[PDB]
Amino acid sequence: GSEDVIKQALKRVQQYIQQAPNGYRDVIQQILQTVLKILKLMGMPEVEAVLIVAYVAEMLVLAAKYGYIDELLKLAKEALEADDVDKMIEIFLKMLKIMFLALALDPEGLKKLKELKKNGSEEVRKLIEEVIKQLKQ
């Protein structure tokens, strides 16, 4: 169920916003609201928009645990006050790099990142498989 996913994920997000110092909760709640409003105006399905918010929120919380929340805020202000869409995406990509790297520093994140690397062997073969198919084409 769609409503089941949105519930699962928005429950996750609300917990993250409750594990934050009070005083920020109201502002985070308002940022949560208007991002959800903006994403819906994109026209992307609500499940997709909510899973995006939830995953980015999870990684925001993780990176805050390794000190990066000041850095990611400053980037967000820079992406939104930016002159063109090109520059916005670049900072968006920069923020993503910081997020994923904190997933690499986190010892549980790094444990799973290494699994994903190891279990990627059966995948490489089937990618090379059809890279081969595509060059002949």
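So that there is no doubt, residue numbering starts at 1 and follows the sequence shown.
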Going by the entry, of stretches 73-81 and 46-54 the one with greater average Cα B-factor is 73-81
May I ask you to compare 5-13 and 121-129 by their mean CA B factor in the entry and name the higher one? 121-129
For residue 104, return the chain-relative third of its C-alpha B-factor as stated in the PDB record: lowest, middle or highest. middle
Sort the modelled residues of this chain by their C-alpha B factor and say whether residue 41 lands in the lowest, middle or highest third. highest
Ranked against its chain, the third holding the CA B-factor of residue 87: middle
Residue 112: CA B-factor among chain residues, third -> highest
